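The block underneath contains the structure these notes are about, expressed in structure tokens.
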Amino acid sequence: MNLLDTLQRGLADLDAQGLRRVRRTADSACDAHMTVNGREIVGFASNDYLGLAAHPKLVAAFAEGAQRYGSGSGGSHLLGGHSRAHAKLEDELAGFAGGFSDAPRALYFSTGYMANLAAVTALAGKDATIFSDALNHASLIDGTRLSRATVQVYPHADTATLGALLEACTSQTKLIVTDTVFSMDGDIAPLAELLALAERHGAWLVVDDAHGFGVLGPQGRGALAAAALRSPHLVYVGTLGXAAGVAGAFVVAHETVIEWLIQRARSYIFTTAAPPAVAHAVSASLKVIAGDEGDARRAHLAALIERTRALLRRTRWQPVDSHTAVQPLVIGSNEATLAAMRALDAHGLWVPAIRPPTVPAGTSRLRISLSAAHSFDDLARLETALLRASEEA
């Protein structure tokens, strides 16, 4: 009983702090309009930035992929589970997103969480120093903890400070690690200056483009293509369960880097390869992302972003200066953020509250996440509800 009682007290303490998390259950596919807890809503909670999670081509690819390659991979990519579906997808990803490299190769992972663990731990050992943006994603931070390296945190996007830290650092191996698009803020890292610093100081630059892949850059090729950056120092992590509408993740880097991850990365080696139908569906998604339809979805998303920037600034609260689909509205306390979320729920809209530990204390926020599936009428409803929530506050 004592073990369970300690957890019970912890749960009660979270409740009292306004930090209790509650799952909601979707009864229909992820989409702008969908059924959640048995009610019809307009959803702004998901990361489905291009509206692809419900796309008929991806649905059909699940069926076809399972029919061609079965249900389970049966094991590790290094022990029987590596399918032609995975191999083809790796070739496709290297060709699509590897333009920053003179000798690209891609490596497919079942989750972005584990791709990040692999990139950080394989490249930074006990004598290395990692320099990490203060607002990096949890999986990057877990990667830095698993690695044997010393970890220096630099203030968010503060390249002046990072440069001073790199100059002061005497490690032979240095790694700079950053989100590209920050998951709870929507700003974009200063990638050109970060790369200039990595080249000046002999460091790897590991960039996590989970929220930029598919939505930034020419044909959606991501943040490095948008920034037109090229270097052997770059190690690119993309994920496939956000704008790409399926699941999984990938690392693109110099061929030699990928060889090293295959040989050494524990979160690549010691896990079951994802079902080959999932890879087959990602291959279908990349064709949608890269072509005229992907261009049209990105263009409509950009229009929604313009209108959302305007409507958020009509409230009393402080939006982040974001030009991406991630449109957060900072409210402050946990209680005021939950109250604003509940007010929007009453208008049939789901805009989720975000609270510590995800964001710093005192910066709890609503996270409006836009999708190309959203309409201008959806935003008009969001505007009306937020103005009422703001007036009521």
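Since every read-out is calculated from the coordinates, none of them should be taken as a lab result. Positions of Cβ are generated from backbone atoms using ideal geometry, with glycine treated the same way; all protein chains shown enter the neighbour counts.
Miscellaneous remarks
- Bridge type composition, the chain - antiparallel percent by DSSP, nearest 5: 55
- Inter-probe distance in nm under a simple model that places probes 7 Å from Cα toward Cβ, at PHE270 and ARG39: 4.5
- Where a label projected 7 Å from the Cα of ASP158 along Cα→Cβ would reach, residues of segment 90-133 with amide N under 19 Å: 130-133
- Gain on full stretching of the segment that runs from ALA60 to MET1 - 0.36 nm per residue minus C-alpha separation: 16.3 nm
- Between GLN172 and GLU255, the FRET efficiency estimated from the beta carbon spacing at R0 = 25 angstrom works out to 0.65.
- Debye-sum result for the chain in log10 I(q)/I(0), which assumes one identical scatterer on each alpha carbon, at q = 0.08, 0.09, 0.10 Å⁻¹: -0.43, -0.55, -0.69
- Segment 9-162 - percent relative contact order, Cα under 8 Å, separation 6 or more: 11
- HN-Hα J in Hz across segment 250-264 - Karplus 6.51, -1.76, 1.60, θ = phi - 60°, x for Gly and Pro: 7, 10, 10, 6, 3, 3, 5, 4, 5, 4, 5, 4, 4, 6, 10
- Distance between the pseudo-spin-label points of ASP295 and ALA16 (7 Å out from Cα toward the beta carbon): 6.0 nm.
- Note, ³J(HN,Hα) from phi for segment 135-152, Karplus 6.51, -1.76, 1.60, rounded to Hz, x at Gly and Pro: 9, 4, 4, 3, 5, 5, 5, 4, x, 5, 5, 5, 6, 7, 7, 6, 10, 9
- Taking every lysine pair in segment 57-290 that is 8 or more places apart or spans two chains, those with Cα atoms closer than 30 Å amount to 4.
- Relative contact order %, the chain, counting alpha carbon pairs below 8 Å whose residues are six or more apart: 22
- Footprinting exposure proxy ranking of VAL237, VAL36, fewest other C-beta atoms within 10 angstrom first, gives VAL36, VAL237.
- Residues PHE109, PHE270, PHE44, arranged from fewest to most other Cβ atoms within 10 angstrom of their Cβ, appear as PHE270, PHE44, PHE109.
- Proximity of backbone amide H atoms, modeled 1.01 Å from N, is registered between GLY248 and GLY112, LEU240, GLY241 at under 5 Å, excluding neighbours fewer than 5 places apart on the same chain.
- The order of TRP204, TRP350, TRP260, going from fewest to most other C-beta atoms within 10 Å of their C-beta, is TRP260, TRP350, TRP204.
- Residues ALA346 and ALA303, FRET efficiency given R0 of 25 Å [Cβ-Cβ distance, rounded to 0.05]: 0.35
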